Amino acid sequence: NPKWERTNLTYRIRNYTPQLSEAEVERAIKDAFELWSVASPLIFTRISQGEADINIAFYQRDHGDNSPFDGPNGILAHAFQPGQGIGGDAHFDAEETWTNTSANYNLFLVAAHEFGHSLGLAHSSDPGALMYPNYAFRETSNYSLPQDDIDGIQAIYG
Ligand SMILES: CNC(=O)[C@H](Cc1ccccc1)NC(=O)[C@H](CC(C)C)[C@H](CSc1cccs1)C(=O)NO
Ligand SMILES: [Ca+2]
Ligand SMILES: [Ca+2]
Ligand SMILES: [Zn+2]
Ligand SMILES: [Zn+2]
């Protein structure tokens with residue numbers, strides 16, 4: 001079971017998607033990290049440059065990691081378990097339509113799922129859990145972590 005042995009973790013957004021403003025992309029990402037912080041001892045801090053523990057980027061098809069994206073729909077993004085280098089990093093398929101509405105696909109909810117992986121969680125069979133393998137829209141305005149997900153990070157950290 002891999003976990004971070006440090007509690008303040010830095011993150012960096014390496015590039016952006018044109019469908020959303022830079023401010024909307026930063027808001028989506030920020031809020032997704034907050035979901036996990038309120039249920040664990042982790043604190044996330046944004047750096048504008050340099051080496052972050054968690055790199056976030058929008059890539060297309062082959063992008064250097066041996067797990068190529070597949071164009072519109074299908075796989076939306078992926079993330080690496082806690083660790084050095086690529087460890088903890090999160091990639092989003094630049095070919096998807098990214099939104100901040102109920103329309104396919106809501107960047108905040110997909111980001112919240114990937115960050116679960118960056119922190120060490122695996123998929124859940126509970127269809128109501130954020131860590132479930134298939135994407136499903138749920139209201140986001142005052143969204144909070146499902147109980148199955150809370151049990152999950154609490155079991156790793158505390
Ligand atoms: C509408 N499309 C989907 O719901 C696709 C379909 C899919 C799921 C699993 C396997 C193959 C295809 N799901 C995703 O894009 C997942 C992310 C969503 C929940 C935001 C994405 C799947 S890729 C991986 C498979 C196994 C380990 S990572 C993911 O878990 N990344 O962390
Ligand atoms: Ca990393
Ligand atoms: Ca895709
Ligand atoms: Zn990748
Ligand atoms: Zn996943």
# chains A, B, ... in the order shown; residues from 1 in each chain; ligands from 1
>>> residues_near_ligand(ligand="ligand 1", cutoff="6 Å", atoms="only C-alpha atoms and all ligand atoms", output="ChimeraX atom specification")
/A:73-79,110,113-114,133-135
>>> residues_around(residues="residue 20 (chain A)", least_positions_apart="4", cutoff="8 Å", atoms="only C-alpha atoms", output="list in words")
residues 24, 25, 98 and 99 of chain A
>>> write_last_selection(atoms="N, CA, C and O atoms", output="tab-separated table (two decimals), in the first residue's frame")
chain	number	residue	atom	x	y	z
A	24	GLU	N	-11.06	29.32	-14.36
A	24	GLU	CA	-11.98	28.18	-14.16
A	24	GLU	C	-11.25	26.84	-13.99
A	24	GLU	O	-11.68	25.99	-13.20
A	25	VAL	N	-10.15	26.64	-14.71
A	25	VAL	CA	-9.37	25.41	-14.59
A	25	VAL	C	-8.72	25.36	-13.18
A	25	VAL	O	-8.68	24.31	-12.54
A	98	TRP	N	-14.05	19.72	-21.97
A	98	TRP	CA	-14.01	19.99	-20.54
A	98	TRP	C	-14.97	21.13	-20.18
A	98	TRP	O	-15.01	22.15	-20.86
A	99	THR	N	-15.80	20.91	-19.18
A	99	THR	CA	-16.79	21.91	-18.80
A	99	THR	C	-16.81	22.14	-17.31
A	99	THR	O	-16.05	21.52	-16.55
>>> residues_around(residues="residue 124 (chain A)", least_positions_apart="3", cutoff="10 Å", atoms="only C-alpha atoms", output="ChimeraX atom specification")
/A:121,127-133,148-149,152
>>> write_last_selection(atoms="N, CA and C atoms", output="tab-separated table (two decimals), in the first residue's frame")
chain	number	residue	atom	x	y	z
A	121	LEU	N	-5.44	5.71	-3.29
A	121	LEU	CA	-6.66	4.91	-3.35
A	121	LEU	C	-6.80	4.15	-4.69
A	127	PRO	N	-21.06	1.98	-6.48
A	127	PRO	CA	-21.50	2.87	-7.57
A	127	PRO	C	-21.77	4.29	-7.14
A	128	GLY	N	-21.86	4.48	-5.83
A	128	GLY	CA	-22.08	5.81	-5.28
A	128	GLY	C	-20.77	6.45	-4.84
A	129	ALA	N	-19.67	5.68	-4.83
A	129	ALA	CA	-18.37	6.19	-4.43
A	129	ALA	C	-17.71	7.00	-5.55
A	130	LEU	N	-17.03	8.08	-5.19
A	130	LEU	CA	-16.29	8.90	-6.16
A	130	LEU	C	-15.22	8.02	-6.84
A	131	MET	N	-14.66	7.05	-6.10
A	131	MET	CA	-13.63	6.15	-6.64
A	131	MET	C	-14.12	4.99	-7.59
A	132	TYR	N	-15.40	5.01	-7.96
A	132	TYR	CA	-16.03	4.07	-8.89
A	132	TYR	C	-15.40	4.35	-10.29
A	133	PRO	N	-15.07	3.30	-11.07
A	133	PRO	CA	-14.44	3.38	-12.42
A	133	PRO	C	-15.12	4.17	-13.53
A	148	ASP	N	-17.98	6.28	1.39
A	148	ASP	CA	-17.06	5.20	1.04
A	148	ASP	C	-15.69	5.78	0.76
A	149	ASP	N	-15.63	6.98	0.20
A	149	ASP	CA	-14.33	7.61	-0.09
A	149	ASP	C	-13.63	8.10	1.16
A	152	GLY	N	-12.00	5.34	2.81
A	152	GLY	CA	-10.78	5.05	2.07
A	152	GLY	C	-9.50	5.79	2.44
>>> residues_near_ligand(ligand="ligand 4", cutoff="8 Å", atoms="only C-alpha atoms and all ligand atoms", output="number ranges by chain")
A: 59, 63-69, 77-79, 90-92
>>> residues_near_ligand(ligand="ligand 2", cutoff="12 Å", atoms="only C-alpha atoms and all ligand atoms", output="MDAnalysis selection string")
chainID A and resid 4 9:13 50:57 79:91 115 118:119
>>> select_by_dssp(residues="chain A", states="alpha helix (DSSP H)", output="ChimeraX atom specification")
/A:22-37,107-118,147-156
>>> closest_residue(among="A:154, A:100, A:106, A:60", to="ligand 3", atoms="only C-alpha atoms and all ligand atoms")
A:60
>>> closest_residue(among="A:158, A:126, A:93, A:41", to="residue 146 (chain A)", atoms="only C-alpha atoms")
A:126
>>> closest_residue(among="A:33, A:97, A:48, A:120", to="residue 15 (chain A)", atoms="only C-alpha atoms")
A:48
>>> closest_residue(among="A:153, A:42, A:122, A:94", to="ligand 3", atoms="only C-alpha atoms and all ligand atoms")
A:94
>>> closest_residue(among="A:21, A:49, A:104, A:125", to="ligand 5", atoms="only C-alpha atoms and all ligand atoms")
A:125
>>> closest_residue(among="A:27, A:14, A:3, A:46", to="residue 111 (chain A)", atoms="only C-alpha atoms")
A:27
>>> atom_distance(atom1="CA of residue 58 (chain A)", atom2="atom 1 (Ca, counted along the ligand's line) of ligand 3")
11.4 Å
>>> select_by_dssp(residues="region 1-154 of chain A", states="strand (DSSP E or B)", output="list in words")
residues 8, 9, 10, 11, 12, 13, 43, 44, 45, 46, 54, 55, 56, 57, 58, 59, 77, 78, 79, 90, 91, 92, 93, 99 and 106 of chain A
>>> write_last_selection(atoms="N, CA and C atoms", output="short mmCIF file (atom, residue, chain, number, x, y, z; two decimals), in the first residue's frame")
data_model
loop_
_atom_site.label_atom_id
_atom_site.label_comp_id
_atom_site.auth_asym_id
_atom_site.auth_seq_id
_atom_site.Cartn_x
_atom_site.Cartn_y
_atom_site.Cartn_z
N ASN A 8 2.45 18.00 3.70
CA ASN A 8 2.21 19.19 2.86
C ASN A 8 2.77 18.76 1.51
N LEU A 9 1.92 18.81 0.50
CA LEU A 9 2.31 18.40 -0.84
C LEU A 9 2.05 19.54 -1.81
N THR A 10 2.99 19.73 -2.72
CA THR A 10 2.89 20.79 -3.71
C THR A 10 2.34 20.27 -5.04
N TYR A 11 1.66 21.11 -5.78
CA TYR A 11 1.13 20.71 -7.07
C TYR A 11 1.40 21.81 -8.11
N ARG A 12 1.43 21.43 -9.39
CA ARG A 12 1.69 22.41 -10.45
C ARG A 12 0.85 22.09 -11.66
N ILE A 13 0.18 23.09 -12.21
CA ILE A 13 -0.64 22.92 -13.41
C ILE A 13 0.30 23.35 -14.54
N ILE A 43 -2.20 18.70 3.32
CA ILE A 43 -2.36 20.13 2.95
C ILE A 43 -1.71 20.23 1.56
N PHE A 44 -2.40 20.85 0.61
CA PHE A 44 -1.91 20.97 -0.78
C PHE A 44 -1.55 22.43 -1.13
N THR A 45 -0.35 22.67 -1.65
CA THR A 45 0.05 24.04 -1.95
C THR A 45 0.50 24.21 -3.40
N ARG A 46 -0.03 25.21 -4.08
CA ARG A 46 0.30 25.43 -5.47
C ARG A 46 1.57 26.23 -5.72
N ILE A 54 3.02 16.80 -7.31
CA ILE A 54 1.97 16.43 -8.23
C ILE A 54 1.94 17.33 -9.46
N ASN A 55 2.29 16.78 -10.62
CA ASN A 55 2.20 17.57 -11.85
C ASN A 55 0.86 17.28 -12.52
N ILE A 56 0.21 18.31 -13.01
CA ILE A 56 -1.08 18.18 -13.65
C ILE A 56 -0.93 18.68 -15.09
N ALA A 57 -1.40 17.90 -16.07
CA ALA A 57 -1.28 18.34 -17.45
C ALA A 57 -2.34 17.76 -18.35
N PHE A 58 -2.62 18.48 -19.42
CA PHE A 58 -3.55 18.06 -20.45
C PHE A 58 -2.73 17.52 -21.64
N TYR A 59 -2.76 16.20 -21.87
CA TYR A 59 -2.04 15.62 -23.01
C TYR A 59 -2.94 14.86 -24.01
N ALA A 77 -8.90 10.33 -18.35
CA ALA A 77 -7.69 10.77 -17.65
C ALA A 77 -7.18 9.63 -16.87
N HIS A 78 -5.99 9.81 -16.30
CA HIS A 78 -5.35 8.83 -15.42
C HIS A 78 -4.34 9.46 -14.46
N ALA A 79 -4.01 8.75 -13.39
CA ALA A 79 -3.10 9.24 -12.38
C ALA A 79 -2.23 8.13 -11.82
N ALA A 90 -0.97 13.53 -12.48
CA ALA A 90 -2.28 13.36 -13.08
C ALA A 90 -2.39 13.92 -14.51
N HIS A 91 -2.80 13.10 -15.49
CA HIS A 91 -2.96 13.55 -16.91
C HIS A 91 -4.40 13.53 -17.41
N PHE A 92 -4.82 14.58 -18.08
CA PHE A 92 -6.17 14.66 -18.61
C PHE A 92 -6.12 14.59 -20.12
N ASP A 93 -7.07 13.90 -20.73
CA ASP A 93 -7.10 13.78 -22.20
C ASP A 93 -7.46 15.15 -22.80
N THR A 99 -15.80 20.91 -19.18
CA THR A 99 -16.79 21.91 -18.80
C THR A 99 -16.81 22.14 -17.31
N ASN A 106 -17.30 17.15 -16.77
CA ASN A 106 -17.12 18.16 -15.74
C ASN A 106 -15.71 17.93 -15.20
#
>>> atom_distance(atom1="atom 1 (Ca, counted along the ligand's line) of ligand 3", atom2="CA of residue 28 (chain A)")
19.2 Å
